[PDB]
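Visitor: Have a look at the structure that comes next, please.
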Ligand SMILES: Cc1cc2nc3c(=O)[nH]c(=O)nc-3n(C[C@H](O)[C@H](O)[C@H](O)COP(=O)(O)OP(=O)(O)OC[C@H]3O[C@@H](n4cnc5c(N)ncnc54)[C@H](O)[C@@H]3O)c2cc1C
Ligand SMILES: NC(=O)c1ccc[n+]([C@@H]2O[C@H](COP(=O)([O-])OP(=O)(O)OC[C@H]3O[C@@H](n4cnc5c(N)ncnc54)[C@H](O)[C@@H]3O)[C@@H](O)[C@H]2O)c1
Ligand SMILES: O=C(O)[C@@H]1C[C@@H](O)CN1
Ligand SMILES: [Mg+2]
């Protein structure tokens, strides 16, 4: 048996002094990066004056030849609105998908121009409207208002006819064939390059591949590069690497798992492919440049650059090139490494200095990951100073490297032109620019009549489909408010402003290098409310080295879990806890609780309840905050335990510990916002938790109950007692008294013994719906000492769907599907179970999905390279496999990864894709790595949403579409608690996506949300921000009816319920950039009313209607005559039920009666099929005395919606931040 973590994440090679200096700068504070860059970028006053003069001359030339764009002239000629211009370009794009010119022209003339375009053109015309919106308006709108565009297109065609369609088609043809690309094919691009090569320009061709999803994709990009190198080398015809053309490649195009976590596969499989392309470039003697991509790929790419430059088979050729990004904090240290590598190898490395193309994505990623700082600067001027400083370094090393200064900024250009001084020869250095963007500037640079410096044009090559895929990211490079190209086109920007010297501006700032004011550090995402949890950068070699040792040390510890009663640990039956990925690996030992001691623990909790309730709320919250600090400090050790006990990967263990820290801090802050003397605790609360989030959900339930003033009996899942015991140790260290928090390890009958104990005042359950139903039945024969039902929070299973239409980007979909379905071996309650693909795109996405499936690494999770770990037990494995084989036996197509022999020592299920005929083929939640796929016709979308709802579950739900009409339709009709738009459906974040479902998926209130603590006290406080100015109109009609009947007091109570209801609350919660996180209060559905008196019925109806609900009223109440002559609006919401089980499912219940009536009704309600119902009961006298006898918190339904607003390829809000 391999030693735990002995091979967790060894680096590709020992890290040199130069490599370590790179890693040390990864997230260095911005104030620390800038001073040395200012120093390096400083130039003489004479040079600065000369540079400003040169920059002014260039800018005066640029503004002097600047004409209106073709799209602007089109909009002007036909008086188009912005939406019409966008709609026109989308139509033109669609018409150009018709390959035959005569056919297209006939369609335009005979069909498109003469009325209905809809009849003639499965795929919305407006799939790429966000891109065309950037072209027309200069502004990025993340999703497409396709109803507005359809109206605009009808309007413009009916107004202007064939001539405007013709002009749009010709414009789009020119832009997509000659501007966004140099040519559709490498041969076409080469033909069109002669003109500017004759003027002194050169070329590097960008074949536009990136982000391979499958082996087949990577092979396709490889053969595309190979064929392009032949065409370029044939055309180069011996011109060499400086005068002649070259190619640029992206390493992410050449392997589907290009990442540090897969470093071994990258060096074994990706590196030989790059070497083969480099060998071909060497034979033709052309440049081959490695483009720079995301920050977490920088250092990995250095290992490829190193091997290639040391490889003797490539000797004699100086064409190997490499991009470094000046917006990155590591840039000068990366250059030091490259310059030294060039010296050692004797290869004159071609170094393209750029600023960087992924800025807004890097901001979002660091925030999501809770990392210490950003790997890029946050003020644009800092990137400018960094660029100039790094140019000074490169210009001092032209004997060993070939600097290539890629920029469209005339100030940057001028500064470097004068920095380089008087001596020049071709081959010393060059400038670079983008095709269709930089030529106006560089036609003032190239040539003996200008500055006589060469410029290499980066020339995209590809079809319409290929160029549109990431055109948004390219547009933002030069189209943001801080971009030079955007500013030179802004008449409100003066030339004096444009020639401002970034070096001297930064030098004169009060705090040199300060972070941008409007960008939050990840730790400060929530501002004054609470401190964000911190993650770990698994791309950072120092972090991986430190984590390796902490994880190894964690595996040497003798972890135990004992029954920790108030009086001390108790004796019991002891057994080992085994690693689910390798049963030979003993993680620790658990002593499980006898049923006698579980009953004893509840009595001790009851005796201790007054002492814990008397700890003031702020001090209880301080315990939670101290516990969060302790978990943050101990995260590395906690990771190792979760990895080995629960079969989790390192990434998932980090997220798990982060969620625990976030629960502690969120419930502490919510406590400080709400809890006072009148919010009395329930009493002893039994917290029963599942194995699959063995620290986060465990901690969340306990922390909430404790901080609300309740002593807790913690019963962790039998599979995962060790991390639970450590959580309890931490909470006790943080100041939770032993009498307030008792740990009772064991199985379901320890849980049941706790639930059944006479002093149990509340139950918090997360687990399967079947077990929650058994707990519900147990509690149905129970009343509190005050004669009211024992509160139960029961958060249960899901049958989670994702709907994908033909507007979604397949690569994005597949990544989100692979993550949502197979992360944690599908053992998240949020996991994607049913993928629903629009028929027109289903086969293409399915092929990509299966290809991505086979790139997953399954194994014991103490290796960073493992993507999917084991299932938790052999019983879980057998249950999942039985489902798979049943499906296979029915003839359903089944796709499965092959498992390595090493998995035999643990319990593994291979990630599996099962193609279903209809959603009804699924009967129960299958809690494993099993994705089901169904197909749907676009016209049947509404029926499909019905089918998803018809399972009765309602936990997580995903939608991939660009189309506002589809977003509005689907999100209004789906019934689920957590919605996700254009992103994955897992990893809901505390206080950002409050988590919890409806129907068979939960009772609520949501964990990680503002209603949670109020369920754990006898009188609920008013949550922060919890109110609504909207009044339900049926409630109003009912109040008027009551006044008409003479029931004046009930009418007043109804109006009060209408005002007090928070139905219609609609909030945006603070979170990361590039995401909109929404929280809304809706009706629950149909509420079962069990009244006893006429006044009681009126109060129950007022409560239910004020919260937007319909009702079913118990016909056995005999109160039919109390509701005569209702207004039709109210009658529509009212039904009478003799057979409650026939008229469900309900979403809650209100009960009136004495204690034994309540107990009887509670038993009958628990026996209803389907969802657990959140029941509220009151006596007739309570209804008369207490306006809040029925609490309106529990009659609304919380919905969380998380929208990825960066999905179109950039962040509109961050285009204004520089
Ligand atoms: C020939 C060529 C090759 C290129 N190759 C690559 C490549 O392989 N990898 C790559 O990542 N990109 C590449 N780029 C893009 C380049 O990195 C820039 O994104 C783009 O060209 C605009 O920079 P600029 O000097 O032209 O103009 P500018 O307007 O001077 O600079 C714009 C840049 O400033 C930076 N910036 C904007 N806002 C902020 C902020 N708030 N904080 C910090 N920095 C900010 C961004 O990097 C932005 O792109 C290439 C560009 C060219 C012309
Ligand atoms: N909605 C959510 O937030 C959420 C979160 C995570 C998991 N889940 C659900 O949890 C399920 C998987 O987790 P699990 O396998 O640990 O669930 P489970 O139902 O098998 O057990 C959960 C806990 O209940 C206890 N238990 C079993 N029988 C009991 C009984 N008769 N009385 C009292 N307690 C009893 C168990 O010991 C365990 O601590 C899945 O259905 C998943 O969807 C839901
Ligand atoms: O959404 C998810 O996957 C996790 C599980 C719940 O605790 C909420 N956060
Ligand atoms: Mg179980």
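Numbering (PDB author numbering), first residue to last: 14 to 134, 137 to 1233. Don't be surprised by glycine CBs; every beta carbon is placed ideally from N, CA and C.
Quick check on residue 1206: does DSSP put it in helix, strand or coil?
Guide: DSSP places residue 1206 in coil when its eight states are reduced to three.
Visitor: Taking the straight line between their C-alpha atoms, what separation do you get for residue 334 and residue 81?
Guide: Residue 334 and residue 81: Cα-Cα distance of roughly 39 Å.
Visitor: Is it buried or exposed for residue 1019, if we count other Cβ within 10 angstroms and need 16 for buried?
Guide: By the 10 Å Cβ count, residue 1019 comes out buried.
Visitor: Whose C-alpha, out of 688, 1040, 266, 242, is nearest the C-alpha of residue 1080?
Guide: Per the Cα distances, 1040.
Visitor: Quick check: the segment 65–76 against the segment 544–558, are there 3 or more CB pairs under 8 Å?
Guide: Touching, no.
Visitor: Spatial neighbours of residue 168 within its chain, please: C-beta separation below 8 Å, excluding the five flanking residues on both sides.
Guide: Around residue 168: 97, 100, 101, 103, 104, 130, 140.
Visitor: Whose C-beta lies closer than 6 Å to the C-beta of residue 1016 among residues of the same chain, with five residues either side of it excluded?
Guide: Counting only Cβ-Cβ distances below 6 Å, and skipping sequence neighbours, we find 811, 813, 968, 969, 970.
Visitor: Expressed to the nearest angstrom, what Euclidean distance is found between the alpha-carbon atoms of residue 149 and residue 1049?
Guide: C-alpha separation (whole angstroms): 45 Å.
Visitor: Which residues bound the beta strand (DSSP E) around residue 1277?
Guide: There is simply no residue 1277 to check, as the chain begins at 14 and stops at 1233 in what is shown.
Visitor: Express the C-alpha separation of residue 385 and residue 215 in angstroms, rounding to a whole number.
Guide: Near 48 Å, if we compare the C-alpha coordinates of residue 385 and residue 215.
Visitor: What residue from 1151, 372, 323, 853 has the CA that sits closest to residue 1226's CA?
Guide: Of the candidates 1151, 372, 323, 853, the one whose C-alpha sits nearest the C-alpha of residue 1226 is 372.
Visitor: Within the continuous alpha helix (DSSP H) that includes residue 348, where are the two ends?
Guide: Residue 348 -> alpha helix (DSSP H) spans 346–360.
Visitor: Just the C-alpha distance for residue 565 and residue 652, rounded to the nearest angstrom, thanks.
Guide: For residue 565 and residue 652, the distance between alpha carbons rounds to 6 Å.
Visitor: Can you find the residues in the same chain that come closer than 8 Å, C-beta to C-beta, to residue 358, ignoring five residues on each side of it along the sequence?
Guide: Same-chain partners within the cutoff: 415.
Visitor: Out of 368, 1004, 231, point me to the one whose CA is closest to residue 670's CA.
Guide: Closest option to residue 670, Cα to Cα, is 1004.
Visitor: Quick check: the Cα distance between residue 1239 and residue 1075, rounded to an integer number of angstroms?
Guide: Nothing about residue 1239 can be reported from this structure: the residues present for the chain run from 14 to 1233 only.
Visitor: Bridge partners for residue 1092 per DSSP, in chain order?
Guide: Residue 1092 is bridged to 1084, 1217.
Visitor: Using a Cβ-based criterion (distance less than 7 Å to any ligand heavy atom), does residue 1022 qualify as near ligand 3?
Guide: Under cutoff, so the answer is yes.
Visitor: For a test of your reading of the model: does the CB of residue 843 fall under 7 Å from any non-hydrogen atom of ligand 3? Yes or no.
Guide: Flag set: Cβ of residue 843 near ligand 3.
Visitor: Apply the 10 Å Cβ neighbour rule to residue 520 and answer buried if 16 or more other Cβ atoms are within range, or exposed otherwise.
Guide: Burial call: exposed.
Visitor: Tell me the DSSP secondary structure of residue 10 in three-state form.
Guide: Since the first residue of the chain shown is 14 and the last is 1233, residue 10 is not available in this structure.
Visitor: Which first and last residues belong to the alpha helix (DSSP H) in which residue 567 is found?
Guide: Here the alpha helix (DSSP H) through residue 567 covers 556–570.
Visitor: Looking only at DSSP bridge pairs, what is residue 995 linked to?
Guide: DSSP lists 973, 1217 as partners of residue 995.
Visitor: Looking only at its own chain, which residues have a Cβ that is under 6 Å from the Cβ of residue 454, when we skip the five neighbours before and after it?
Guide: Nothing meets the Cβ criterion.
Visitor: Whole alpha helix (DSSP H) runs in the segment 916–993 with 4 or more residues, listed along the chain?
Guide: Within the segment 916–993, the complete alpha helix (DSSP H) runs of at least 4 residues are 956–965, 979–988.
Visitor: So what does residue 445 bridge to, in DSSP terms?
Guide: In the DSSP output, where bridge partners are listed per residue, residue 445 has 419.
Visitor: Are there any heavy atoms of ligand 1 lying less than 7 Å away from the beta-carbon of residue 374, as far as the coordinates show?
Guide: Yes, the beta carbon of residue 374 sits closer than 7 Å to at least one heavy atom of ligand 1.
Visitor: Is the beta carbon of residue 580 less than 8 Å from the beta carbon of residue 615?
Guide: Yes, these two residues count as a Cβ contact at 8 Å.
Visitor: Over what stretch of residues does the beta strand (DSSP E) that includes residue 263 continue unbroken?
Guide: 261–264 is the span of the beta strand (DSSP E), which, as asked, contains residue 263.
Visitor: How is residue 904 classed by DSSP in three states: helix, strand or coil?
Guide: Looking at residue 904 - three-state DSSP - the assignment turns out to be helix.
Visitor: Does the segment 688–704 touch the segment 597–610, meaning 3 or more C-beta pairs lie closer than 8 Å?
Guide: The answer is no - the segment 688–704 does not touch the segment 597–610, with fewer than three Cβ pairs under 8 Å.
Visitor: By Cβ distance, which residues of its chain are closer than 7 Å to residue 360, with the 5 residues on each side in sequence left out?
Guide: Excluding residues within five positions, the ones whose Cβ falls inside 7 Å are 324, 325.
Visitor: Does any heavy atom of ligand 2 sit closer than 7 Å to the C-beta of residue 1215?
Guide: No.
Visitor: Counting along the chain, where does the beta strand (DSSP E) carrying residue 216 start and finish?
Guide: Residue 216 -> beta strand (DSSP E) spans 216–221.
Visitor: Between the beta-carbon of residue 868 and the beta-carbon of residue 896, is there less than 8 Å?
Guide: Against a cut-off of 8 Å, the Cβ pair of residue 896 and residue 868 comes out as no contact.
Visitor: Using only alpha-carbon positions, find the residue among 675, 883, 936, 891 that is nearest to residue 906.
Guide: Out of 675, 883, 936, 891, 936 has the C-alpha closest to the C-alpha of residue 906.
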